[PDB]
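A, B, ... follow the sequence lines: proteins, then strands. Residue 1 opens every chain. No hydrogens, no waters, no symmetry mates; every other heavy atom, side chains included, goes into these values.
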Amino acid sequence: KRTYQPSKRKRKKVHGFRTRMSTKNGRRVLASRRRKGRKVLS
Amino acid sequence: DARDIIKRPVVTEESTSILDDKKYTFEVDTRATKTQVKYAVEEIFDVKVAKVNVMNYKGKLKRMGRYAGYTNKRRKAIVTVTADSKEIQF
Amino acid sequence: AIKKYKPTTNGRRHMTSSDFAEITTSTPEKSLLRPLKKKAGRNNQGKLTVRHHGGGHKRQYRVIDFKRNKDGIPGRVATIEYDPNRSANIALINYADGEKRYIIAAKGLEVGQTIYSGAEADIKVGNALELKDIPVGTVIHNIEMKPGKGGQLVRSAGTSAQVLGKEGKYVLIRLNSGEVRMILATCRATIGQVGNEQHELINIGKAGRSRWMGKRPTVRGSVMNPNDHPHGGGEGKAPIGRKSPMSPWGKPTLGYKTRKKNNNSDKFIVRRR
RNA sequence: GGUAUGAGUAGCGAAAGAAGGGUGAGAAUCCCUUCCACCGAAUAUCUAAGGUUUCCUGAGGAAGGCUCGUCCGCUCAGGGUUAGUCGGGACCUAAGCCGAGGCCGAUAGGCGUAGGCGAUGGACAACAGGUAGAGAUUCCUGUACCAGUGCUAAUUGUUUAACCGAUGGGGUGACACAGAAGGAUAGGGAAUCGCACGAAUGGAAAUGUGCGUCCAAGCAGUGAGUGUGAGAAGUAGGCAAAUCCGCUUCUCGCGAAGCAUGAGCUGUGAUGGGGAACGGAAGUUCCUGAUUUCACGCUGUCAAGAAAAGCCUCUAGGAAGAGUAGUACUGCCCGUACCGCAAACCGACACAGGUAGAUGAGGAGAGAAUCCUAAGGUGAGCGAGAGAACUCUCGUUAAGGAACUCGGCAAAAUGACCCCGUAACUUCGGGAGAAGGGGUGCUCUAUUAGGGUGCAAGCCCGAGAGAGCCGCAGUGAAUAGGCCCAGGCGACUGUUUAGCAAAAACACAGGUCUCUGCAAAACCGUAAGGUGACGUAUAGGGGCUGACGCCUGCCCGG
RNA sequence: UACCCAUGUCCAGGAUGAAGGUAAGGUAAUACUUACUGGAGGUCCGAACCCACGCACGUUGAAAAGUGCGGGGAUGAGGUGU
Ligand SMILES: [Mg+2]
Ligand SMILES: [Mg+2]
Ligand SMILES: [Mg+2]
Ligand SMILES: [Mg+2]
Ligand SMILES: [Mg+2]
Ligand SMILES: [Mg+2]
Ligand SMILES: [Mg+2]
Ligand SMILES: [Mg+2]
Ligand SMILES: [Mg+2]
Ligand SMILES: [Mg+2]
Ligand SMILES: [Mg+2]
Ligand SMILES: [Mg+2]
Ligand SMILES: [Mg+2]
Ligand SMILES: [Mg+2]
Ligand SMILES: [Mg+2]
Ligand SMILES: [Mg+2]
Ligand SMILES: [Mg+2]
Ligand SMILES: [Mg+2]
Ligand SMILES: [Mg+2]
Ligand SMILES: [Mg+2]
Ligand SMILES: [Mg+2]
Ligand SMILES: [Mg+2]
Ligand SMILES: [Mg+2]
Ligand SMILES: [Mg+2]
Ligand SMILES: [Mg+2]
Ligand SMILES: [Mg+2]
Ligand SMILES: [Mg+2]
Ligand SMILES: [Mg+2]
Ligand SMILES: [Mg+2]
Ligand SMILES: [Mg+2]
Ligand SMILES: [Mg+2]
Ligand SMILES: [Mg+2]
Ligand SMILES: [Mg+2]
Ligand SMILES: [Mg+2]
Ligand SMILES: [Mg+2]
Ligand SMILES: [Mg+2]
Ligand SMILES: [Mg+2]
Ligand SMILES: [Mg+2]
Ligand SMILES: [Mg+2]
Ligand SMILES: [Mg+2]
Ligand SMILES: [Mg+2]
Ligand SMILES: [Mg+2]
Ligand SMILES: [Mg+2]
Ligand SMILES: [Mg+2]
Ligand SMILES: [Mg+2]
Ligand SMILES: [Mg+2]
Ligand SMILES: [Mg+2]
Ligand SMILES: [Mg+2]
């Protein structure tokens, strides 16, 4: 039994866009990934 | 408008096999409800629609020389006209 | 009465239980039930703040009338019921006007008895009066501290307090602990010892039974490492190698008094226990 | 970064293949056939997750595939997923999360009320056939149901108020665990019936062989049963009100009725559908029988067992339209392919690992064990020889029998059922399967006696004995305890160093000390707010000791 | 992964026979005895399942902790899903 037991819901609830937006530090992360120019935020 | 909702007919072995059964397969706007498709088909073709079945197709991933990407997502509507209703031609 | 189980297993070997003789129904009053979820000693931060709680049997809360407000109207004791939330049994009171309430079941409270609350209530067991109305020497329970707040002080199985005197707008009560303190005289109490007094004799018998009651195991400080507990560490068993036995959070824990030194209620305590 | 060396070396990832035919430039490896072999409480059938096109068809054979390759989960093209009723949303709430105002706080923010979100739970209407390169309770056929809508027709109502009816009241919804006995039905089996055959090598025209031996929801009946004293008055309660609930009193009392529920059954559905054989026959009776259902129904226990919507009812309110029948019409969005004990998911791999749930046949059996099989699935992506050392995994072994070794480590032995018999000690439960012994196949008496089932017919189960008969051996295979004596430690079942320690360590019931009078002490937090506890000294926190028995001495100078 | 919360779900088969109950005795009434009933348990044996005691093997592994043969628990201080 390995780490990484995927769940669509758990992935979005923990790491998704709306969760990131819901906190100030979450928004810092989005701002940082936009600054680096990532294709994929969240 | 009605001709926004109905994009184009679908011509395949499957689509062409059910024309004799008075079932007409269209590619319809991805936002169009099967109710909007019913009333659009009636406006465009002057027919009486018995039922509309609808299905969403997700985009198919296609490569072309180290560039990969998805074809368009499609919404396919099968429109059954009534016995008394006139046919659509294709 | 206490039933002693025969030693058919090492688990049952010294176990004892209530016979639940006093219980008259196994079915609570549906209207007086509230949901109750286990907290398992966790705060509003989700952090464990009290150790050794978690994972007992599911329970429903029974709404208990600790206020005993319903003055004048007679209440017939309809049943004595098991309450998983407290050591005492509870009694369903059918009031003559068709209101049902639960009270703490006093010792000697029988189905069919009638109870009253207020100034005209007799000094008969499950009756509730203001302390100014209760004779000196009477044995009471479910004592309120602030008028109309509800009984807080002597509620657990088998406990009882005694009215000692009447000193101004205050009555002197000897509480179950043997502390003598002043209660405001417009506070009310119920007459009689609480009931289910056998409760303390029960031998839980096996580890599992403590787990059903929601108690998780206690680990002794002296078998923890030094980063976990002041008693932690040492090669082999160690004595308490400290000037005092300590709590897990420092602080001496044998004799060290913890009642706040400058306590507002100190003026109402006449004899400490 | 490139390229050597080791080296044509290690390895090629658990397993049964064979031949004939085909295809093709080319074949151990692709296709077909036949035989053989393997799984079969799975290596079968569903299905959630997860994956995301891997699915189907046609081309292909650079690379990928541990070999090969004409083949592929690979490459390239086209295709493929159909819902009022299935699962999710337009319904409900749990944990939890967010949270207008609010409380708290250098900033940021933290907390929290109303109110929301949130299934893993509640509620909620469709079945059987057909069809097929790829979907099907979705398409088609037949027959339904749920919620609406208009249109006809009567009917009744239109201010002592048909009817609707709360965002309010009440009831239900609404719940643990264990056990026992039943009813029924799935399933299983045997005869019966139908159809086909009549046979290779000695025999058989039949106790012969093979194959088959039926069907939905809905609608209308019924029904094992399971619960449930009814009626009337009267009202300090149910935030107003109440005809409803609750409470009281009175009359009438009974395992009888009603009233609720209720598996299943019978009709219809069906002149239909399916069916052993381009065709359409039989559908019966009996036995067995659930891990399903009636149903957490009943009984018991203590550890005392969600909520909300929904549904029903009550009024407060709103009201000229309302229902009934018939007719035809209306019913949105999302998912639907395929894999799913796996080569498609998690493990970098086409990886001996991991992956919830439903179903899971027969013989013998208590059984989902075991061995062999059914349905169904599979022969495992290197092979051909050889049959040295050595290694691993196995089988056997003269005489001896622990002499081995740190140590009987390993292996051997024991093993099922029935019967006999069973010590010290003991907390009286145990110890105990102690130990130690004996039996076990087949035939006849024998549709035995005697059970179960049934109206019968029959069908099933079935001892004890007597005679006999074969083997070296009868739980003839497979699967099933080795035992005893004595001591240390720990009372006990539990727990632990994921990946070198499972223990004498931890825990534990019990003991004791101590703190704590409730805005408790203790604990988290700057605080608010919390836990403690919706508890209240028979309670809660902390220290030490650790079942039970007998006990627990002296010292208070530090 | 640890603990916890809410809500689900799983545990073939067999064995034993606690309390309680009933009936006989028994007694002034009781203790009590015997039989039947009853179905308790961190109960017993044993698959699934969970675990990980011994040994072997593996040790540029089939595997960055496994496999094989034995082993322990298996209605609970149980396992497991969301
Ligand atoms: Mg990953
Ligand atoms: Mg759809
Ligand atoms: Mg504690
Ligand atoms: Mg340690
Ligand atoms: Mg240490
Ligand atoms: Mg320290
Ligand atoms: Mg120390
Ligand atoms: Mg020492
Ligand atoms: Mg070499
Ligand atoms: Mg070599
Ligand atoms: Mg080699
Ligand atoms: Mg291989
Ligand atoms: Mg098996
Ligand atoms: Mg394919
Ligand atoms: Mg190759
Ligand atoms: Mg090909
Ligand atoms: Mg909540
Ligand atoms: Mg709320
Ligand atoms: Mg929601
Ligand atoms: Mg398919
Ligand atoms: Mg259709
Ligand atoms: Mg309830
Ligand atoms: Mg499918
Ligand atoms: Mg694999
Ligand atoms: Mg598992
Ligand atoms: Mg087969
Ligand atoms: Mg020998
Ligand atoms: Mg010999
Ligand atoms: Mg020796
Ligand atoms: Mg030697
Ligand atoms: Mg030696
Ligand atoms: Mg030695
Ligand atoms: Mg050994
Ligand atoms: Mg023996
Ligand atoms: Mg045998
Ligand atoms: Mg131990
Ligand atoms: Mg143990
Ligand atoms: Mg370790
Ligand atoms: Mg170990
Ligand atoms: Mg506080
Ligand atoms: Mg100790
Ligand atoms: Mg203790
Ligand atoms: Mg759970
Ligand atoms: Mg056990
Ligand atoms: Mg060891
Ligand atoms: Mg094993
Ligand atoms: Mg054991
Ligand atoms: Mg066992």
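A cation-pi contact links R12(C) to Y5(C), judged by a cut-off of 6.0 Å to the six-membered ring centre and 45° from its axis.
Listed nucleotides: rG535(D), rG542(D), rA77(D). Nearest to the side chain of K62(B): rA77(D). For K1(A), taking side-chain heavy atoms from C-beta onward, the closest of the listed nucleotides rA236(D), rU1(E), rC140(D) is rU1(E). Side-chain proximity of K38(C) to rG50(D), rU75(D), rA6(E): nearest is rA6(E). When each of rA303(D), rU531(D), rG517(D) is scored by its nearest atom to the side-chain atoms of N43(C), the top-ranked nucleotide is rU531(D). When distances are taken from the side chain of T49(C) to each of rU336(D), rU531(D), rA537(D), the shortest belongs to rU531(D). Taking only side-chain atoms of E197(C), from C-beta outward, the nucleotide of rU53(D), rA303(D), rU538(D) with the closest atom is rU538(D). Candidate nucleotides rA77(E), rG517(D), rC515(D) were compared by shortest atom distance to the side chain of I269(C), and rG517(D) ranks first. Nearest nucleotide to the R220(C) side chain, out of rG135(D), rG546(D), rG78(D): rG546(D).
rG262(D) and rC294(D) have their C1' atoms separated by 7 Å, given to the nearest Å. For the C1' atom pair drawn from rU497(D) and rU493(D), the interatomic distance equals 22 Å after rounding to whole Å. Rounded to whole Å, the separation between the P atoms of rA277(D) and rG210(D) comes to 15 Å. With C1' as the reference atom, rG142(D) and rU271(D) are 14 Å apart, rounded to whole Å. Taking atom P in both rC252(D) and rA184(D), one finds a spacing of 44 Å when rounded to whole Å. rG60(D) sits 36 Å from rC39(D) when the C1' atoms are compared, rounded to a whole Å. Comparing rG170(D) with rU536(D), their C1' atoms sit 35 Å apart, to the nearest whole Å. Atom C1' of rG130(D) sits at a distance of 47 Å from the matching atom of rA204(D), rounded to the whole Å.
Stacking of the bases of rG84(D) and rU85(D) is indicated, with six-membered ring centres separated by less than 5.5 Å and ring planes inclined by less than 30°. Both conditions of the stacking definition, centres under 5.5 Å apart and planes under 30° apart, are not jointly satisfied by the base rings of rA473(D) and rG474(D).
At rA174(D) the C1'-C2'-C3'-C4' dihedral is negative, so the sugar adopts a south, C2'-endo-type conformation. For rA196(D), the sugar pucker falls north, since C1'-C2'-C3'-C4' comes out positive. With its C1'-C2'-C3'-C4' torsion below zero, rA7(D) shows a south sugar pucker. The furanose ring of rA126(D) falls on the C2'-endo (south) side of the pseudorotation cycle, as its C1'-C2'-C3'-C4' torsion is below zero. Its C1'-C2'-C3'-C4' torsion being positive, the sugar of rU293(D) is assigned to the north family.
Interatomic distance, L129(C) CG to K132(C) NZ, rounded to the nearest 0.5 Å: 8.5 Å.
Residue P7(C) is classed as a base contact, given a heavy-atom separation below 4.0 Å to a base.
Each of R101(C), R188(C), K100(C), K70(C) was compared with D65(C) under the salt bridge (charged side-chain N to carboxylate O under 4.0 Å, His left out) criterion, and only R101(C) meets it.
The CZ atom of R271(C) sits 17 Å away from the P atom of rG517(D) (whole-angstrom rounding). Per the geometry, CZ belonging to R272(C) stands 15 Å off P belonging to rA537(D), to the nearest Å. Note: CD1 (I240(C)) to P (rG543(D)) measures 10 Å, nearest angstrom.
Where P217(C) and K3(C) each meet RNA chain E at their nearest nucleotide, the meeting point lying more 5' is that of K3(C). Positionally, the nearest nucleotide of RNA chain E for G56(C) lies more toward the 5' end than for the other of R2(A) and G56(C).
Between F26(B) and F90(B), the ring planes are perpendicular. Angles over 60° get that label, and only those under 30° would be called parallel.
Applying the 90° cutoff around 0 to the glycosidic angle, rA320(D) is assigned syn.
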